[PDB]
Amino acid sequence: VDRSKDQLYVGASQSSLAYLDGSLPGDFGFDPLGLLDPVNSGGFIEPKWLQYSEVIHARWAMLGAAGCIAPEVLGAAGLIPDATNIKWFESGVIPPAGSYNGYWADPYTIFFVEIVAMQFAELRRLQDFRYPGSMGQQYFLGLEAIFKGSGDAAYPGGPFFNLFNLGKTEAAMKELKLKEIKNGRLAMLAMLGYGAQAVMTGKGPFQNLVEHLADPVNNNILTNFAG
Amino acid sequence: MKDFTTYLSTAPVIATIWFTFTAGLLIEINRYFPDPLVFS
Amino acid sequence: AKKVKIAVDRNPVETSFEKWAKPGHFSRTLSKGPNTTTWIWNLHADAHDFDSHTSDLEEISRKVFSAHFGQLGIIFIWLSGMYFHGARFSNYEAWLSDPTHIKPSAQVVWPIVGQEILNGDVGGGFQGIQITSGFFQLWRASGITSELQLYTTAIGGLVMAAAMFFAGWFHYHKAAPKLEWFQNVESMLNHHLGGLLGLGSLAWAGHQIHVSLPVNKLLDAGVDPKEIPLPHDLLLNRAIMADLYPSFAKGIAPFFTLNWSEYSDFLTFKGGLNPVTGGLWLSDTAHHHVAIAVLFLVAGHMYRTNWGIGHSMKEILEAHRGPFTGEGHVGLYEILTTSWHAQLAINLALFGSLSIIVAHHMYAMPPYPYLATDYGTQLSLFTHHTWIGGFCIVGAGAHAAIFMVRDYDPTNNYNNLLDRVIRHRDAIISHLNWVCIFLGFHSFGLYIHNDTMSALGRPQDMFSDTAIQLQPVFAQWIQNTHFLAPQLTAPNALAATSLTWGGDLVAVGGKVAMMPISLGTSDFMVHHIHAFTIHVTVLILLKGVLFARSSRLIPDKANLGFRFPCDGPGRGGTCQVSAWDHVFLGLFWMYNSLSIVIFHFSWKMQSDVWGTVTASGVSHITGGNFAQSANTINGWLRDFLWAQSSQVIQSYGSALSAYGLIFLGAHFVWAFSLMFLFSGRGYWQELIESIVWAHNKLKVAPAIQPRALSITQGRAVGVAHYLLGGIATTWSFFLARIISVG
Amino acid sequence: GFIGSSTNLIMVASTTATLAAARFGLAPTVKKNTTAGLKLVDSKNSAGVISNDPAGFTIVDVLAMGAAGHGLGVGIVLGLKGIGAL
Ligand code: CLA
Ligand code: CLA
Ligand code: CLA
Ligand code: CLA
Ligand code: CLA
Ligand code: CLA
Ligand SMILES: CC1=C(/C=C/C(C)=C/C=C/C(C)=C/C=C/C=C(C)/C=C/C=C(C)/C=C/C2=C(C)CCCC2(C)C)C(C)(C)CCC1
Ligand code: SF4
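Chains as they are written, first to last, in this note's numbering: chain A, 31 to 257; chain B, -1 to 38; chain C, 269 to 1010; chain D, 4 to 89.
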């Protein structure tokens, strides 16, 4: 996967150029396994679902990448009490790695609210993919006015999801989508970096960066194989 | 549902339910009246 | 250059119960409904014969793919039940503390009609049926120490079973792969070599290195199971692992710096058996699966899929062309990518042969702790996996003949290896015929010679070790070569792979786990019985395949089909000429040959290996009577069948009384089968006519006209009952015997 | 120091040799299969990978010869330690 920008990436192949025509955001021709070929597609391996899933992964990853390091950066700057300067994997998500006592409820009590809240958010989002525009019809406390969608599942738009109606022009919107995808793809790799770095070193993402800057040669992946 | 209830009416399904019922009745009788040899 | 890609069709079929209410929908003949009772049998006989329902290869492939998901889902329910019953209805936790004195048990019966006597006294304050499946030994090796761990696996097994059934429905009714997808044999081998076998071996090595090895190291040291660290504590705390294995203190740097010798403490090459448990070292087993993982991952990069590099299987076949074989392997690639039966014939042949190899290697190199000293488990596992291999091989002959009748096309096969084999089939069968006659005389005739000489009071004239001798010199040479292998030919191995080659016995809990096996005159004679009965089974099955299409008797046998009873009483009589009947006859001989194999194993082990260790020495269960007694047929009747059947016939009134009942019941089913084998449906159709008359007289005659079974179904019903009765008879006799004394 | 040791030099040399051999037409590549006579002939690639290299050296050739180089290097390193040379 060619880093940076370019017309085509390293893995671009003549076979993938058949259907990759630049219509999708961040379409750099990289599809060595040819999972986006329209011909004889079905199930979840089809262009509409795979492109939709990438954006959803991009947006969750962007929140995760910024949220898995902010407590360490803010804690390092003294803007939050040291009691909350906690590594992302020691928040309580993985109790064996570490858990934080001091939340207003037991982490399982909080999880049930997460289940119910995400059931509504995710199943309503799904129903717009299966039946476009269907969430703007049945009464939902008057909120159905903002759930009418825009025909494209990954980009609902509307009064809320496009609060400040940025990208009014077609050219402007394409650039914003490209910027969203590149930041999202970068964050997805960052999250994978957090997970791999946590296992290899056992420290937070911020600690690894600080140590690397201290002695870059003596602190890197190669030296962390043994300690 | 009409077709599904038709499937349950097929010979193998009826026999399984019928013998499952018949066997259960005999097993339960011998559970509450163990070792019957003479009417008495 | 057709690209390798995913290809499916959307919603090929509709999910409805409509066809569940219309039996026979799959076939044009049976769709009209029943008029005679023959229709009912035809419904079940042809249900899974996809190749005859439709002529479309794509439709056939899609049914096979989803029918395989159903088989996988069923195994997960079965596996889940075995793990669940271990958690809830077993004495596994007690067994871990005292493995050498407590009998494994995982089945409990309800107290009804007085059957609670089958809940025997197995130990650990528990009553239940003793099991011989070896699940306790497997669970210990993997590191399972609580019933909670067994319970979680069972729940995971049910989730997998649900996933398997969803996949079958999904890939038939929702997204069915197209025919071009199924024909990527190069891609399938790459994934199944490096992905299924390769990553599967690597993943299991990860479990053994991180879970099995630490847990079993402490269990052998005598630590109480409840006080052992949990597997996740071992994973998270490198400090704990360093104590057991100091190599973990260095992390994974040795792996990437190629200092692989650092891992010598848990990646060993000891060989032999662990003295404390009598099973293979788990450190040896971990290095085995790590080595196997690399070999298969390399194997999975051999075939060309989408990026030029690799091999084309078609090109390999067409390049291997010699002077003696005409065209050669040309045309095999098209055969093996368009005929499911041809693929099934090969896979059943080797899968069955593999199951037999498993039986020999597992007893000789017991891979689990406390497997060897549990004689019931050793006998059961060897016998189970020999029978599985036997049936699979006979199936290989069955589906080789189906290919020959249905999928064989002469135009694609001209002067190639397949064609040339058909053109000298008389030469092959005539020679194999003579070899079987030669082997029958010079192996079974020796037993008749010994029986007659012994009855005449001429023991000096018998073939035996105290008389005319027949020493397996070739086998004895190999036993000695493998015994001395660690000295010169395998220098880095500390011990021989097995204790059967030679050396000293290993005893666990006062019982022999394995000791050298000596081969004498009796072993020479019995082995050549095996060669005789195996060669005859090949003759019957190979004859059916080579003559499936035509013979000097029926020149147009292919048009008659694969499964027909005869071509009439003409030409002197043509009963049982079809290739299906060669499987029917081959099943009897496979049963005959494997019965001697499992009798040979049972008597040899009890006589020469199994026993109790004491101060003076080893006393075996049957006291070493194999050498002197197994050279006559009378010896087998008296010393093996008559003497060892004492346990089963005295089982009434005890927890083993169930085996006594099944011993009689099996004898019954076997004899019942001879009714179908010795008779013909002509008698039975006339008998039903008189029976139908009585029902007609009482206005109680059925609308579906009763019919005697067909000719073929009489033979199928006969052999199925013959096999069940015969095999179940040995099954009861073995378990009641070995459990009672072993 | 691992860098510069015998183990490091052998692995770098073995990996470099395969890449050099494949790039300069001394080993089979994606665009050149080998006939039964161990001679390089043109091949057909289903997923023609675009490469700006003048010789058509694709990224697949790197993975193919990176693994081939590692296999050769690992065997030599462990083999020498077996005979006592390393
Ligand atoms: C014999 C097994 C088998 C095979 C050969 C196939 C083959 C196929 N499936 Mg099917 N499938 C299977 C089992 C199988 N499936 C099972 C068991 C399920 C139920 C869970 C499904 C559910 C399913 C769905 C829902 C879909 C397919 C689709 C497909 C197609 C594309 C698959 C692909 O590219 O995957 C590549 C794999 C991925 C993209 C996912 C990788 C990660 C998965 C989720 C987990 C893998 C776990 C791994 C094996 C072990 C990890 C170990 C450890 C780290 C935990 C193809 C025809 C798709 C289709 O129809 O396309 C046209 C499709 O939509 N399958
Ligand atoms: C996917 C996104 C995500 C998730 C799941 C988490 C999850 C977590 N974060 Mg992280 N975080 C994220 C993104 C995320 N974060 C991002 C993007 C940032 C950068 C801005 C941060 C910055 C951050 C910090 C600085 C801290 C956390 C902490 C936490 C933990 C405690 C959460 C908590 O107490 O919330 C509290 C709950 C809420 C804020 C939601 C309130 C819901 C009520 C009902 C709303 C009511 C509204 C009211 C009626 C009207 C509006 C009022 C308003 C105008 C004043 C938890 C593990 C804390 C931690 O690790 O503690 C140990 C912590 O200190 N996060
Ligand atoms: C509820 C879901 C559902 C429904 C309504 C249908 C409906 C249909 N399927 Mg589909 N199918 C499903 C689930 C379903 N399927 C699943 C889960 C799979 C994966 C295995 C498949 C795989 C599949 C195939 C491969 C085929 C169909 C076909 C069909 C058609 C006829 C099926 C029939 O006659 O079944 C009646 C049959 C049964 C009730 C037998 C059930 C067998 C299961 C596996 C249980 C086995 C138990 C086992 C023997 C236990 C041991 C026995 C021992 C103790 C005695 C029909 C359109 C056929 C079709 O479209 O033909 C044109 C066809 O070829 N289905
Ligand atoms: C498949 C088999 C397998 C697996 C899974 C493991 C796994 C492990 N081994 Mg083992 N090992 C194996 C085979 C295996 N081993 C073999 C064959 C050998 C013999 C050569 C060894 C020899 C060995 C040694 C000598 C050691 C280990 C160690 C380890 C542990 C740490 C490894 C490490 O540093 O990773 C480094 C980093 C990674 C593996 C990458 C992790 C990537 C994560 C999962 C990505 C997650 C991304 C995701 C998006 C983030 C979550 C987000 C979400 C929460 C929102 C780990 C549990 C070490 C240990 O701690 O032992 C106790 C150790 O010292 N192993
Ligand atoms: C991977 C294994 C495998 C697979 C997938 C198949 C698949 C097939 N075989 Mg093959 N076969 C196999 C192994 C296999 N076979 C083996 C091992 C043998 C040797 C015994 C054979 C011998 C064989 C013959 C002789 C024939 C087939 C046929 C067939 C086809 C139709 C089968 C059918 O409709 O059965 C329907 C299923 C039944 C009627 C149920 C049979 C029930 C048995 C007899 C019960 C036995 C006892 C039971 C297991 C335990 C006790 C039960 C208790 C209630 C008392 C089908 C393509 C037939 C065909 O026409 O192929 C073209 C055919 O003629 N096979
Ligand atoms: C105990 C029962 C029995 C016996 C003895 C035989 C014997 C034989 N069967 Mg048969 N068979 C049997 C049961 C038996 N079968 C059953 C139950 C079935 C139904 C499933 C079959 C189905 C069957 C098939 C389908 C085939 C055979 C074959 C054979 C032959 C094997 C090779 C051979 O010539 O060996 C040598 C002969 C013997 C061991 C017989 C006994 C010889 C004695 C001990 C020595 C000779 C006596 C001596 C000359 C003194 C005579 C004195 C007298 C003249 C006064 C052989 C004639 C195969 C065949 O024909 O291969 C060529 C073959 O294809 N059998
Ligand atoms: C000239 C040039 C250049 C350069 C380049 C380079 C410098 C490259 C490199 C490259 C490389 C440097 C690569 C590498 C690769 C590698 C790989 C791909 C590896 C693999 C491995 C493996 C696969 C392994 C395996 C194994 C294991 C793990 C265990 C043991 C056994 C074995 C060994 C098998 C550039 C482009 C800038 C520009 C233009 C010109
Ligand atoms: S009807 Fe029976 S006896 Fe007559 S030829 Fe056919 S199989 Fe033989």
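Ideal Cβ placement from N, Cα and C applies to all residues, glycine included.
Whole-number beta carbon distance between residue j and residue i, since they are thought to touch under 8 Å
i              : j             : result
residue 1031/C : residue 665/C : The requested residue 1031/C is not part of the displayed model; chain C covers only 269 to 1010.
residue 32/D   : residue 64/D  : 5 Å
residue 210/A  : residue 135/A : With 8 Å as the limit, residue 210/A and residue 135/A do not qualify as a contact, their Cβ atoms being about 34 Å apart.
residue 900/C  : residue 719/C : 5 Å
residue 895/C  : residue 790/C : 6 Å
residue 831/C  : residue 857/C : About 19 Å; that fails the 8 Å criterion.
residue 803/C  : residue 707/C : 6 Å
residue 62/A   : residue 41/A  : 5 Å
residue 731/C  : residue 672/C : With a Cβ gap of about 42 Å, residue 731/C and residue 672/C do not count as contacting.
residue 1010/C : residue 889/C : 7 Å
7 Å Cβ cutoff met for residue i and residue j
i              : j             : result
residue 537/C  : residue 761/C : yes
residue 184/A  : residue 159/A : no
residue 781/C  : residue 641/C : yes
residue 178/A  : residue 166/A : yes
residue 1004/C : residue 915/C : yes
residue 26/A   : residue 249/A : Residue 26/A is absent from the structure shown; chain A starts at 31 and stops at 257.
residue 402/C  : residue 370/C : no
residue 304/C  : residue 975/C : yes
residue 220/C  : residue 322/C : In the structure as shown, chain C begins at 269 and stops at 1010. Residue 220/C is therefore absent and cannot be evaluated.
residue 561/C  : residue 469/C : yes
residue 443/C  : residue 72/A  : yes
residue 271/C  : residue 49/D  : yes
For residue j and residue i, the rounded distance between their alpha carbons
i             : j             : result
residue 137/A : residue 415/C : 27 Å
residue 932/C : residue 31/B  : 29 Å
residue 941/C : residue 949/C : 14 Å
residue 84/D  : residue 12/D  : 15 Å
residue 646/C : residue 711/C : 28 Å
residue 767/C : residue 633/C : 8 Å
residue 738/C : residue 835/C : 48 Å
residue 887/C : residue 927/C : 27 Å
residue 398/C : residue 935/C : 23 Å
residue 509/C : residue 496/C : 12 Å
Do the region 579 to 599 of chain C and the region 494 to 508 of chain C touch if we need at least three Cβ pairs shorter than 8 Å? no
If you measure from each residue's Cβ to the nearest non-hydrogen atom of ligand 2, which ones come out under 7 Å, in chain order? 90/A, 93/A, 94/A, 96/A, 97/A, 100/A, 101/A, 104/A, 110/A, 114/A, 116/A, 121/A, 122/A, 123/A, 130/A, 133/A
May I ask you to verify whether the region 514 to 529 of chain C touches the region 607 to 619 of chain C, counting CB pairs closer than 8 Å and requiring at least 3? no
With contact counted as at least three CB pairs below 8 Å, one residue from each stretch, are the region 214 to 223 of chain A and the region 476 to 488 of chain C in contact? no
Three or more C-beta pairs under 8 Å: does that hold for the region 566 to 575 of chain C against the region 451 to 464 of chain C? yes
Who's in the neighbourhood of ligand 8, going by beta-carbon under 5 Å from any heavy atom, listed in chain order? 833/C, 834/C, 837/C, 843/C
Within the structure, which residues are defined as neighbours of ligand 6 by a Cβ-heavy atom distance below 6 Å, reported in chain order? 701/C, 704/C, 705/C, 708/C, 709/C, 712/C, 713/C, 716/C, 804/C, 807/C, 808/C, 853/C, 856/C
Closer than 5 Å is what we want: which residues have a beta carbon that near any heavy atom of ligand 1? List them in chain order. 72/A, 73/A, 74/A, 75/A, 274/C, 276/C, 431/C, 435/C, 443/C, 445/C
Check whether the region 874 to 883 of chain C touches the region 841 to 857 of chain C, taking contact to mean three or more Cβ pairs, one atom from each stretch, closer than 8 Å. no
Tell me whether the region 735 to 750 of chain C and the region 821 to 828 of chain C touch, counting them as touching only if at least three CB pairs, one residue from each stretch, are closer than 8 Å. no
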